[PDB]
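Worksheet: one structure, shown below.
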Amino acid sequence: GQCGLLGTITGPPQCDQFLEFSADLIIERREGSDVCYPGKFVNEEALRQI
Amino acid sequence: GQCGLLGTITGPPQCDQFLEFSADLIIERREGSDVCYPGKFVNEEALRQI
Amino acid sequence: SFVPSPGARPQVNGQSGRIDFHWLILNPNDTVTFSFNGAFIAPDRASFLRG
Amino acid sequence: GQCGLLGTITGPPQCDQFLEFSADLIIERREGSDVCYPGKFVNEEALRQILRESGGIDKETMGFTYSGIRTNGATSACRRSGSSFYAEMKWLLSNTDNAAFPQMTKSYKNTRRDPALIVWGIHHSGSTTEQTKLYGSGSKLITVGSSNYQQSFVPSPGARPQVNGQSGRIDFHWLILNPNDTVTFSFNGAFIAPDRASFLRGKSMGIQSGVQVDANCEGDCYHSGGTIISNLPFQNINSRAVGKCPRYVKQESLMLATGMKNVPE
Amino acid sequence: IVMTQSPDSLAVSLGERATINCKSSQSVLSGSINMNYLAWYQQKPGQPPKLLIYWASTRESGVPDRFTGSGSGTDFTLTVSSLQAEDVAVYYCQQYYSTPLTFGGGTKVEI
Amino acid sequence: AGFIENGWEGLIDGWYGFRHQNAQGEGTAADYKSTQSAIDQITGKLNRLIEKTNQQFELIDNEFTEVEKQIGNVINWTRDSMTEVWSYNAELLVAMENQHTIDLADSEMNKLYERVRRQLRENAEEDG
Amino acid sequence: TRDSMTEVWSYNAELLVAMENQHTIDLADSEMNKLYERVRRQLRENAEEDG
Amino acid sequence: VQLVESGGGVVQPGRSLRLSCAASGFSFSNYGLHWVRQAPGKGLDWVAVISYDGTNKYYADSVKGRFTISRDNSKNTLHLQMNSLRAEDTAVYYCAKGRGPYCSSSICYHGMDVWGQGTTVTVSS
Ligand SMILES: *[C@@H]1O[C@H](CO)[C@@H](O)[C@H](O)[C@H]1NC(C)=O
Ligand SMILES: *[C@@H]1O[C@H](CO)[C@@H](O)[C@H](O)[C@H]1NC(C)=O
Ligand SMILES: *[C@@H]1O[C@H](CO)[C@@H](O)[C@H](O)[C@H]1NC(C)=O
């Protein structure tokens, strides 16, 4: 939903629910943001594919 | 010609004529240099493909 | 971000120092801030795609 | 064997016997280590793929003369009988102890008709105190300039895990010089300078296997499981077979009918 | 092991195909490195002999491309494409695959 | 091979043959021309199929030290897509050449059958 | 990637050419057979085949 | 890079002489060192090989058990001790280093990249 895939690693407020989830199907959304404080992950797609 | 595709942005003396152009087909040559003052481009092929 | 690094280089085109051009793509309604203390080749004109 | 492909350029003790080899087939092993002193190769796979198609490597002296500054690097890790260092690299330490490192500027011109391969190193000590002991105080900054390579960098001392008995790490940067292009290393400390430039010999094809070498086949492609000798168009052994041979398929076996559709009585 | 040489000094003029042959009693090429251990040296009169080529095929930086070394298991050749006033010397083939280091008998060149 | 109840098991040397059941007795013989043509066609198909490729691929991924995850996953996905298309092409080729060899055997049988009926105008007729 | 695509396109092209040449030869043979059979169907017993 | 030499001269046969080769401009403790001779008008002849650490020493068959070769990496010098000389030792001696970083490859007795200027010794009879 409003949570991003990388956010589950780091934990913005929108990624509180899915902080240490477990599923065989991970669904990302365009409204999902990865950070609360502004920033960017280096080597972003490698971490996303991991 | 003796201008380069990436030289169209910065504008060396060889790339003044095609500084800001419009075409449905762009043609580059081996003799086309991209810089007058020496130096490289980071993400060179990405900028060239853009 | 990045720091200029002076040093000796071979004479390419009759010049020693090298200028590396970095680039980015701006989305609409977005701004870029250049905060430079020195050694900057500033962009006088921005380039825009046509088609 | 115990030598790595990149180690043939830097020269750890395991890579002594294959420092200046020449072959049309290069075989790497999992136990092969690229480094004696702990470190890493930046843009590693590009250099590995370049060395795979080298046809062997020749070494040419650089003529880099250092006067008044000690150069005999020695480590407790990169060792045979005493403390020493790599083969084709010279560690540029200080004179005797904590002292200023002169702003050296060494230029090497590639006068050969083939593009040279140049590997140099950057030392990050286990602490700032160790860096000052080895090279001196001050923010060291090393520039490497060429007509195609102009990247520079700054060494970053700091604590690291104890890997291979040493704390510091030497990043192994590399470039390729065109013929009658020249390179300039301007370093003011914390440098592992190249001693012998590496030159490509021809065409090879590097594999990464784990089985012992034989000389009994007109083999075409090889992989970690061995050699795929077959005139068949498809194979189902390994999907990463390097060489000119059958192609990988997902089927266990495909049975191509040569005879007629028989019906029994 | 012994490093026998070609016949003696040849009265070859400038710019000719200068061929020097070295014959081996054993095989200096090893199956591990496949680099064919052999060195060639030229010696000026009154000056120490500086190496020309190494591993019988790896040309040095201080010598021109005219000196080409063709190596094999037993037979070895230097071909000099053009001869100048600076190419007159006496030539030696040294093996270093196995002790002892046996130098060649010497092949002086005459312009 | 359609109208025949069952193929003969006592025929070894050739592929297509003849049974006698005449007044002299019972005998089995083997035709030579039709089986030679069939074996020549099928062996030519094998020769144009059994061929090691000329293109010489290179090592793109490292088995021991894993490459960067983005470009490594790109290499893995490209190799998986090429493996899938090569497996599909292999199944397609095997299926269609097995069908063509079966149809070629049927057509060689048919050609021999029609040439035998053409040899004997009204002296003999088929039974089915 | 380009070498693999070139190899698979070359294999697909030679497979294409081989099977459509086979189908063209078989189509010519089938048209010949259809003409022969339609002539023999027009000619009940007034004419007979020769081989 | 170059190597300087000293100790050449006229010595009676069977006597003792000291031959030293000092080096500069490079890492002495790394490269392997070779001693060779050149007879006047004859071909080159190898004498001895020392490794980087000096543990492995190789000698020619004609001087085996007669000479010894020593190096000291601290003083940046290479010694060749002379014992029980004879007549055909009248030759100029070169202390050319071996072309090998720290005794690499399957050999330790490498070639000879650069050579010393040479000192000539001649016995008197
Ligand atoms: C960009 O800003 C202008 C003026 O503030 C506004 O009219 C326009 O809707 C904005 N567009 C987007 C995509 O936010
Ligand atoms: C560099 O030098 C070589 C020989 O000295 C020459 O052949 C070559 O043309 C030179 N480079 C250029 C760009 O001219
Ligand atoms: C890519 O595929 C190979 C085998 O084909 C496999 O061993 C490797 O783990 C794969 N890489 C990734 C990142 O999954």
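Quick look at the values:
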{"quantity": "Tabulated pairs, segment E:96-111, first assigned to a strand (DSSP E or B), second among the polar types (S, T, N, Q), C-beta under 8 angstrom, 6+ apart or interchain", "calculated": "E:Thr107/E:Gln5; E:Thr107/E:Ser6; E:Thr107/E:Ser9; E:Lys108/E:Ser9; E:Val109/E:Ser9; E:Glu110/E:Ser9"}
{"quantity": "Of all residues making up segment F:67-82, the number that are at the interface with another protein chain (Cβ under 8 Å from one of its Cβ atoms), more than 7 Å from ligand 3 (Cβ to nearest atom) and either of a type in the set (D, E, K, R) or in contact with a helix residue (DSSP H, G or I) (Cβ under 7 Å, 6 or more places away or on another chain) (or both)", "calculated": "4"}
{"quantity": "Sole residue being within 11 Å of chain F (Cβ to nearest Cβ) and within 23 Å of the chain's Cα centre (by Cα), chosen from G:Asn21, G:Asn12", "calculated": "G:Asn12"}
{"quantity": "Extreme residue, nearest to ligand 2 (Cβ to nearest atom), among residues of segment D:187-199 that are within 14 Å of chain C (Cβ to nearest Cβ) and part of a loop (DSSP other than H, G, I, E, B)", "calculated": "D:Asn188"}
{"quantity": "Residue satisfying condition, being crowded, with 17+ Cβ neighbours inside 10 Å and away from chain G (no Cβ under 14 Å), within set F:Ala90, F:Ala105, F:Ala30", "calculated": "F:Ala105"}
{"quantity": "Answer from F:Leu59, F:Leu120 - the residue that is free of Cβ contacts under 8 Å to residues at least 40 places away in the same chain and crowded, with 16+ Cβ neighbours inside 10 Å", "calculated": "F:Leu59"}
{"quantity": "Strands (runs of 3 or more DSSP E) wholly inside segment H:10-106 containing at least 3 residues that are surrounded by fewer than 18 Cβ atoms within 10 Å (Cβ to Cβ)", "calculated": "H:16-24, H:68-72, H:77-83"}
{"quantity": "Considering residues of segment E:59-111 that are within 10 Å of chain H (Cβ to nearest Cβ) and hydroxyl-bearing (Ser, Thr, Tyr) only, the residue surrounded by the most Cβ atoms within 10 Å (Cβ to Cβ)", "calculated": "E:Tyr96"}
{"quantity": "Filtered residue count, segment D:101-158, keeping only those that are touching a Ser or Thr at 6+ places or on another chain (Cβ under 9 Å) and within 16 Å of ligand 2 (Cβ to nearest atom)", "calculated": "9"}
{"quantity": "Hits in segment F:97-117 - residues which are under 13 Å from D:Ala257 (Cα atoms) and either touching a helix residue (DSSP H, G or I) at 6+ places or on another chain (Cβ under 7 Å) or within 16 Å of ligand 2 (Cβ to nearest atom) (or both)", "calculated": "F:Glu97, F:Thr101, F:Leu104, F:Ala105"}
{"quantity": "Selected residue [more than 16 Å from ligand 2 (Cβ to nearest atom), in contact with a strand residue (DSSP E or B) (Cβ under 6 Å, 6 or more places away or on another chain) and free of Cβ contacts under 8 Å to residues at least 60 places away in the same chain] from D:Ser76, D:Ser83, D:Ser67", "calculated": "D:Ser83"}
{"quantity": "Selection count where residues are surrounded by 18 or more Cβ atoms within 10 Å (Cβ to Cβ) and among the polar types (S, T, N, Q), scope segment B:1-32", "calculated": "3"}
{"quantity": "Qualifying residue in segment D:230-253 (condition: in contact (Cβ under 8 Å) with a residue 40 or more places away in the chain, within 14 Å of chain F (Cβ to nearest Cβ), farther than 24 Å from D:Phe41 by Cα and surrounded by 19 or more Cβ atoms within 10 Å (Cβ to Cβ))", "calculated": "no"}
{"quantity": "Residue that is nearest to ligand 2 (Cβ to nearest atom), among those in segment D:171-184 that are within 13 Å of chain C (Cβ to nearest Cβ) and over 21 Å from D:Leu6 (Cβ atoms)", "calculated": "D:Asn180"}
{"quantity": "Residue among D:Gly202, D:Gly168 that is touching a residue at least 40 places away in the same chain (Cβ under 8 Å), more than 16 Å from ligand 3 (Cβ to nearest atom), under 22 Å from D:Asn43 (Cβ atoms) and away from chain C (no Cβ under 14 Å)", "calculated": "D:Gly168"}
{"quantity": "Residues that are within 13 Å of chain H (Cβ to nearest Cβ) and among the β-branched types (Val, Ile, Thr), drawn from segment D:1-52", "calculated": "D:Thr8, D:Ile9, D:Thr10"}
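Residue-wise test of (1) part of a strand (DSSP E or B); (2) crowded, with 17+ Cβ neighbours inside 10 Å; (3) over 23 Å from the mean Cα position of the chain (by Cα).
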{"site": "D:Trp174", "(1), (2), (3)": "yes, yes, no"}
{"site": "D:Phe185", "(1), (2), (3)": "yes, yes, no"}
{"site": "D:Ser204", "(1), (2), (3)": "no, yes, no"}
{"site": "D:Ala215", "(1), (2), (3)": "no, no, yes"}
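Here Cβ is always computed from backbone atoms with ideal geometry, including for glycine, and neighbour counts include all displayed protein chains. Here, each number is a calculation from the coordinates, and none is a lab measurement.
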